[PDB]
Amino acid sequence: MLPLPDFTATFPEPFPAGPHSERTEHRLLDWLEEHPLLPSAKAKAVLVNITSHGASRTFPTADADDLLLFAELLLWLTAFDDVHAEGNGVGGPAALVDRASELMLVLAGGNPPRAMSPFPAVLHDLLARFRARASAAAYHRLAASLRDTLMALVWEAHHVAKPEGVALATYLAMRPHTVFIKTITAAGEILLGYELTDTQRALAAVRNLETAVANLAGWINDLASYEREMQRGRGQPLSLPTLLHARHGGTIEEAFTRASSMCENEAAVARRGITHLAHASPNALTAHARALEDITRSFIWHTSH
């Protein structure tokens, strides 16, 4: 059954949820007809549904048009990972490198040469709509987190064949970029209408909460998907329980217990960080703490639902 972490004491339910869940689901299905990103229909249906209801917990104060824009970005990102960045890595990472490079050319701007994948064209439009709605610095921070995510996905694919060759400390540093937490946070500043200055971003209070939330998000995703992705046949996954297992021996069950303990300690650090930051005088710091609270609540929720 494998032990899971308990966030009742750190992020208890109920989780606030915006009203736009159902409309987002249907406007998302409209958008997908024009650009087919998922190969199956039930893949499409289940992803659109969880993205929409998940999107509603991530930004409950939302804005129907805004939440749909975020949901489209998060779904584009999730679809690209599932399509060009999974499997056991037979045939290697070069195909994903080629796809990531096409997307770099879009992020760099200027209309690159056309690609037979639909992912560059949708990204181009998503960036354009975010560019308008965002300040300019907020836009490039969003575009930077996408650049880092693509490099981290490329890193993962060069190690999926041999997950035991990866240092735990390196995985801990890289995983925030493949769980998409920085893009969600950057899109959050845009849609929620706040923005930190570079001196606020350097505050230990901000950095430490961001680190704690990024750890929580990647690790709970690792644990929630581990039994799923091993019974898939090929191999131990490149995820937290695998690397703990290699580090300490013992059983996979023992690796899950310390990982569950790690998450609950990390959830406790996030909660103290949210409290410490919500007592900030500036509205931008207190808005950031509250935004990161909901983003986290929604990562926890996706493990349930």
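One rule holds for the numbers: they count along the sequence shown, beginning at 1.
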| query | finding |
| --- | --- |
| Segment of higher mean CA temperature factor, 101-109 or 132-140 | 132-140 |
| Residue range whose averaged C-alpha B-factor is higher in the record, 200-208 or 141-149 | 200-208 |
| Residue of maximum C-alpha B factor among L243, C263, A270, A43, per deposited coordinates | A43 |
| Maximum C-alpha temperature factor, selected from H177, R114, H124, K162 | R114 |
| Modelled-residue ranking by C-alpha temperature factor, third containing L238 | lowest |
| Chain thirds of CA B-factor: placement of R258 | middle |
| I181 - Cα temperature factor, lowest/middle/highest third of chain | lowest |
| Cα B factor band for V90 (lowest, middle or highest third within the chain) | highest |
| Record-listed C-alpha B factor of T58: chain third | lowest |
